Amino acid sequence: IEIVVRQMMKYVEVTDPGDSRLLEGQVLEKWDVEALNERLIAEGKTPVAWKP
Amino acid sequence: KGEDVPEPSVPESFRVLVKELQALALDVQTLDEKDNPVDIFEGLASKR
Amino acid sequence: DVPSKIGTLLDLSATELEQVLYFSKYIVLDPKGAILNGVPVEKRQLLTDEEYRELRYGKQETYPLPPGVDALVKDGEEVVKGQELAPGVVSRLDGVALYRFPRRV
Amino acid sequence: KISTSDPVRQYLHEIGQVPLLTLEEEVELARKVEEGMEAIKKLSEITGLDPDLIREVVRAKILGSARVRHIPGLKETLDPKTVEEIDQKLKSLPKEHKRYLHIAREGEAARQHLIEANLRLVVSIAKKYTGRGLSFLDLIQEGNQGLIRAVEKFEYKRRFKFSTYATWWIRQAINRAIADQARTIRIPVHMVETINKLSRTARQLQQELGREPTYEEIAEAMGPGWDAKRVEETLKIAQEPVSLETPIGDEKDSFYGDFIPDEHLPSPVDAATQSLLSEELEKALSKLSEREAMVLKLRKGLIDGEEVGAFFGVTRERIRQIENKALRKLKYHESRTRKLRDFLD
Amino acid sequence: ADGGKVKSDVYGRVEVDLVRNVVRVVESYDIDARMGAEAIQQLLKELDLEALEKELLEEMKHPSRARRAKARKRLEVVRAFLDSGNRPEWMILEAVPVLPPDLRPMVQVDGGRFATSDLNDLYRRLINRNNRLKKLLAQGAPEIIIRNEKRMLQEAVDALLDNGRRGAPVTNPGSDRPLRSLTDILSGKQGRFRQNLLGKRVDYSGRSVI
């Protein structure tokens, strides 16, 4: 019941954009991806502020 | 003849789907590594 | 489809403009249209069958043809060929024909 | 919103706006429709441009621009240069000649209204050939296909009114439209009729006996060349095709289709046969003297299975000669090593 | 130009009367008025997403929540298009593909009885129409008939892609059953999909009491 559960949460809303406009609702980690390549590699951080 | 079984060809349900889908404006292509075609209906869809 | 993708991309009545222009002739003024319906050309706004007709063939096209024989027939010929009949002309015989529309006869 | 109420409303309005006078205006537009052809046939007698051209460039000048000649039909005619240059030749025509064009135009114009008017007449008839297999709007549609067809044929000089002349044509249209588009499978008009009588007699047959007639009774009643063989043959074609998809047995998820097997395909125990046949036949096909074997391998085998036109240039005698001896010599070495005995096929 | 389509100065309709030199001049102009998929197809062709995208970028972030809210659901789609996708002029139809033959059979049933899928008729439907459209456009036709047929042409085009969306057509009486449309065959709308995951049949399987 912990597996299936996280699959109910694997979704995060958007508010502070960069690539594509706000309220988008996207996979939690896919955002751990863009955020990670924007402040780590391709500088000029665009801290995507998401909501659980 | 006694040899392993040939790996699966494409599923008629699939194919029947792809064509049953193109039946509508839409277009369902299948891609490889690089976003470039792969021919599921082998040969047949080539014209004439 | 609920999200009208041709109604979204095209800021046309999401589901009512198309719905009224697709399956019939409730015409949308595509390119120009110089002339006015009191107002200039509605670049991307539609008009009625009746109003489109008022454009093409100009404002009026009425065919009030007379009754009896020697009646209105004399008020016509005498006041029809060339006479710039103003709006609301008063033909004088059976009842009162009403030439309520402009310039020529 | 729900069709037809509009398509009927669409002309009830226009018609309702211009119901052309029973005689006068029908005559008006009538006259102004013949002098059209007259004109055009004469223009052609001067322009050299085929009647089609003169007739096609006068329509595109009145009803629709380049747009009309581009989409409905591809670009054989240049939107600009072609049409414009054709009309350019009509203005160059002297007073006497430019005279007809001015007519040709107003005429086609006349053909417009006249047709638009009688669009109420269409639906009237159409209101009866309803149940057959043609949509109501469809019915109307092929119905107009006879009305505008009238416009070419009418002869205002012959005093008979128009409305009634269109009647025939119109009804003719709907009828062909019924014999053509009403079914999935096409049958000739000849058989079409041959089907009504064959169904019309069954009627008087249901009338008495009580026994839904044997193909003997119905055959008698009909007439001359009608044999019991025919009726059983003529009715199978009558019945309308059945849906490949239909609730089968205990109507549930089970779709009628899975019930029909396949054939073109070699069900495994057939492909498995080719691989043995083909590999074995070809094998024995290698222990033979090239010639006859090949010409008969390629004759029955290759193109299409005439001992004469058989071998290249040698006569029939050496054909049969090595034939029956080789073939048979073939049969008795195979019978030995029993490869082909067990009739694979 | 003679009696008819004759665009003059600001007024563009000329009727002739060779009686007395009366070059009639009714007053309408080049008011491009179109209806049907045409105007749509046109309106889409003349689009340049890059412009409308940036326009909404402004339209979005600044105006009040009101007209900026829609502006976003509007930019979302535009972007998808503008992305690595396929430029959005193709949402319209001017050429309908055609499902294969053996995938919509014309079978032998019980002697005279033939077997044919529910889509071959949703096609003949079209075909006939589309043609009919063409003949009448040649035949030379009054207006109220072109549209009316054009209309009917629309119907059928949906009716084949996907039925009941606007209305439910039916093989001539006997079966008030809808004709199996395309996506229908896709979604298994008539208890087909379910069955598809309700199973398929193994080649070397068996059963029996335990």
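All of this is worked out from the model, or read from it or from the source named; no laboratory instrument gave them. We place every Cβ from the backbone using ideal geometry, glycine too, and count neighbours over all the protein chains shown.
Take the residues of segment D:236-258 that are among the aliphatic types (A, V, I, L, M) and more than 7 Å from chain E (Cβ to nearest Cβ): which is farthest from E:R180 (Cα to Cα)?
D:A238
Is it the case, given these coordinates, that A:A35 is of a type in the set (G, A, S) and in a helix (DSSP H, G or I)?
Values: of a type in the set (G, A, S): yes; in a helix (DSSP H, G or I): yes.
Against the criterion (of a type in the set (G, A, S) and in a helix (DSSP H, G or I)), A:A35 qualifies.
Somewhere in segment C:77-90, is a residue charged (D, E, K, R), outside any loop (DSSP other than H, G, I, E, B) and at negative phi?
yes
Given the structure, is C:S91 in contact with a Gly (Cβ under 9 Å, 6 or more places away or on another chain), within 11 Å of another protein chain (Cβ to nearest Cβ) and not aliphatic (A, V, I, L, M)? Spell out the reasoning first.
Details: in contact with a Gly (Cβ under 9 Å, 6 or more places away or on another chain): yes; within 11 Å of another protein chain (Cβ to nearest Cβ): no; not aliphatic (A, V, I, L, M): yes.
In short, no.
Looking only at residues in segment D:251-285 that are assigned to a helix (DSSP H, G or I) and not assigned by CATH to the domain that holds D:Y332, which one is farthest from D:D342 (Cα to Cα)?
Residue satisfying both the conditions and the ranking: D:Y256.
Being outside any helix (DSSP H, G or I), out of contact with any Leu (no Cβ under 9 Å at 6 or more places or on another chain) and not charged (D, E, K, R) is the filter here, so list the residues in segment E:45-80 that pass it.
Of everything in segment E:45-80, those that are outside any helix (DSSP H, G or I), out of contact with any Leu (no Cβ under 9 Å at 6 or more places or on another chain) and not charged (D, E, K, R) turn out to be E:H62, E:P63, E:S64.
Restricting the search to segment D:66-94, which residues are within 10 Å of chain E (Cβ to nearest Cβ) and more than 16 Å from E:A1 (Cβ to Cβ)?
D:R67, D:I71, D:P72, D:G73
Inspect segment A:10-22 for any residue being loosely packed, with under 14 Cβ neighbours inside 10 Å and over 24 Å from E:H62 (Cβ atoms) and give the result as yes or no.
Looking for residues that are loosely packed, with under 14 Cβ neighbours inside 10 Å and over 24 Å from E:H62 (Cβ atoms), one finds at least one in segment A:10-22, hence yes.
Scan the helices (runs of 4 or more DSSP H) fully inside segment E:91-199 and keep the ones with 1 or more residues being within 8 Å of chain D (Cβ to nearest Cβ) and hydrophobic (A, V, I, L, M, F, W, C).
E:120-138, E:143-161
From the residues in segment C:77-94 that are surrounded by 11 or more Cβ atoms within 10 Å (Cβ to Cβ) and either small (G, A, S) or over 24 Å from C:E54 (Cβ atoms) (or both), which one is nearest to the chain's Cα centre (by Cα)?
So the residue we want is C:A86.
Does segment B:19-44 hold any residues that are surrounded by 10 or more Cβ atoms within 10 Å (Cβ to Cβ), more than 10 Å from chain E (Cβ to nearest Cβ) and aliphatic (A, V, I, L, M), and which are they?
Result: B:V28, B:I40.
For segment D:270-301, what are the residues that are of a type in the set (A, V, I, L, M, F, W, C) and over 42 Å from the mean Cα position of the chain (by Cα)?
D:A272, D:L276, D:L277, D:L281, D:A284, D:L285, D:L288, D:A293, D:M294, D:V295, D:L296
Given the criterion under 34 Å from the mean Cα position of the chain (by Cα) and away from chain E (no Cβ under 12 Å), identify the matching residue among D:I54, D:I46. Spell out how you get there, then give the answer.
Values: D:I46 fails: under 34 Å from the mean Cα position of the chain (by Cα).
Among D:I54, D:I46, only D:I54 is under 34 Å from the mean Cα position of the chain (by Cα) and away from chain E (no Cβ under 12 Å).
Just checking, does segment D:303-321 include any residue being of a type in the set (A, V, I, L, M, F, W, C), within 26 Å of D:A272 (Cβ to Cβ) and either outside the structural domain of D:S286 (by CATH) or out of contact with any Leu (no Cβ under 7 Å at 6 or more places or on another chain) (or both)?
no
For segment E:123-158, name all the residues that are in contact with a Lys or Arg (Cβ under 8 Å, 6 or more places away or on another chain) and under 21 Å from D:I178 (Cβ atoms).
Hits for segment E:123-158 are E:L133, E:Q139, E:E149, E:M152, E:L153, E:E155, E:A156.
So is D:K41 over 33 Å from the mean Cα position of the chain (by Cα) and more than 30 Å from E:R166 (Cβ to Cβ) or not?
No: the conditions fail for D:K41.
Of the conditions (1) more than 22 Å from E:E143 (Cβ to Cβ); (2) within 35 Å of the chain's Cα centre (by Cα), D:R99 satisfies every one except a single condition; which number is it?
All conditions are met except number (2).
Could you tell me whether D:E323 is surrounded by 10 or more Cβ atoms within 10 Å (Cβ to Cβ) and part of a loop (DSSP other than H, G, I, E, B)?
Against the criterion (surrounded by 10 or more Cβ atoms within 10 Å (Cβ to Cβ) and part of a loop (DSSP other than H, G, I, E, B)), D:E323 does not qualify.
Taking interchain pairs and intrachain pairs at least six residues apart, which have beta carbon atoms under 7 angstrom, with the first residue in segment D:96-124 and over 12 Å from D:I148 (Cβ atoms) and the second among the aromatic types (F, W, Y)?
These pairs meet every condition: D:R120/D:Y11.
With the structure loaded, tell me whether D:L134 is within 30 Å of D:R67 (Cβ to Cβ), within 11 Å of chain E (Cβ to nearest Cβ) and of a type outside the set (S, T, Y) or whether it fails that test.
Details: within 30 Å of D:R67 (Cβ to Cβ): no; within 11 Å of chain E (Cβ to nearest Cβ): yes; of a type outside the set (S, T, Y): yes.
The answer is no for D:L134.
Can you confirm whether D:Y156 is aromatic (F, W, Y), surrounded by fewer than 23 Cβ atoms within 10 Å (Cβ to Cβ) and under 30 Å from E:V23 (Cβ atoms)?
yes
Of all residues in segment E:31-62, which are surrounded by 13 or more Cβ atoms within 10 Å (Cβ to Cβ), over 30 Å from E:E155 (Cβ atoms) and not aliphatic (A, V, I, L, M)? Working first, answer last.
Residues of segment E:31-62 surrounded by 13 or more Cβ atoms within 10 Å (Cβ to Cβ): E:31-44, E:47, E:49, E:52-53, E:55-57, E:59-61.
Still in the list and also over 30 Å from E:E155 (Cβ atoms): E:49, E:52-53, E:55-57, E:59-61.
Hits for segment E:31-62 are E:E53, E:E55, E:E59, E:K61.
Got a sec? Which of D:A30, D:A104, D:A60 is within 12 Å of another protein chain (Cβ to nearest Cβ), more than 33 Å from the chain's Cα centre (by Cα), surrounded by 13 or more Cβ atoms within 10 Å (Cβ to Cβ) and of a type in the set (G, A, S)?
One residue alone meets the criteria, D:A104.
Does any residue of segment E:26-44 turn out to be part of a loop (DSSP other than H, G, I, E, B) and more than 8 Å from every other protein chain (Cβ to nearest Cβ)?
The answer is no; no qualifying residue exists.
Go through segment C:34-46 and count every residue that is buried (at least 16 other Cβ atoms within 10 Å of the Cβ) and touching a strand residue (DSSP E or B) at 6+ places or on another chain (Cβ under 7 Å).
Total satisfying the criteria: 2.
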